[PDB]
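What follows is the residue order along each chain.
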Amino acid sequence: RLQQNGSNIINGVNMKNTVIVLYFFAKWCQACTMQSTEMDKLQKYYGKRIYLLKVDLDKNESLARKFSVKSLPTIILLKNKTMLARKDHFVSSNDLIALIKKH
């Protein structure tokens, strides 16, 4: 059971090739709460055209460390396991759309 799986996206294994939005955050972090609100709009607009992965840094230093997060919020965009863009501070959903919509 739980057997190991293949890649269509390296982070989300065994499913699909879409644009995943990896967002690092912390509950205590005020700068984030404003962004999370943004992600909600972003999620609604793109629906399933993208996948949002929200990461709580407080619970995964391992990963943040791997991705070298130096601030919150951090937003990284990946398609086909190649980083498309990165933001190390707040971005608007509208801004997010624009960057995303390149692809």
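Residues numbered from 1 in each chain as written, not as in the entry; some residues may be left out. Heavy atoms only, no water. Residues with missing side-chain atoms left out of burial classes, pairs and counts.

- What the entry reports as its method is X-ray crystallography, with 2.9050 Å given for the resolution.

- In the annotation of the PDB entry, the protein is listed under the name Thioredoxin and assigned to Plasmodium falciparum.
- The PDB lists this entry under the title "Structural insights into thioredoxin-2: a component of malaria parasite protein secretion machinery".
- Listed under Subunit (literature references left out) in UniProt, the entry text for the protein is "Monomer. Component of the Plasmodium translocon of exported proteins (PTEX) complex composed of HSP101, EXP2, PTEX150, PTEX88 and TRX2."
- Taken from UniProt, the Sequence similarities comment for the protein reads in full: "Belongs to the thioredoxin family." (UniProt positions renumbered as here; feature names shortened; annotations may be inferred.)

1. Describing the UniProt feature "active site" in the protein
Inference 1: Residues annotated by UniProt as "active site" correspond here to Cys29 and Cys32.
Inference 2: Locating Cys29 in the fold gives a position in the loop between β1 (19-25) and α1 (30-46).
Inference 3: Along the polypeptide, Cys32 turns up in helix α1.
Inference 4: A relative accessible area of 1% means that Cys32 is categorised as buried.
Inference 5: If we skip the residues at most four places from it in the chain, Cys32 touches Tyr23, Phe25, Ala26, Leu72 and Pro73. (Helix = DSSP H or I, 4+ residues; strand = E, 2+ residues; numbered from the N terminus. Buried < 20%, exposed > 50% of the residue type's maximum accessible area, 1.4 Å probe, protein only. Contact = heavy atoms within 4.5 Å.)

2. Focus on unusual backbone geometry
Inference 1: With an omega of -5°, the peptide bond between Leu72 and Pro73 qualifies as cis.
Inference 2: Its identity is not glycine, yet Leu2 carries a phi of approximately 75°, on the positive side.
Inference 3: Structurally, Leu2 can be placed in the segment before β1.
Inference 4: With phi around 85°, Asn14 is a residue other than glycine that occupies positive phi space.

3. Some words on the side chain of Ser36
Inference 1: With respect to the helices and strands, the residue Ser36 is situated in helix α1.
Inference 2: Overall, the relative accessible area of 19% leaves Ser36 in the buried class.
Inference 3: Not counting the four nearest positions on each side in its chain, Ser36 is found in contact with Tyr23 and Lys54.

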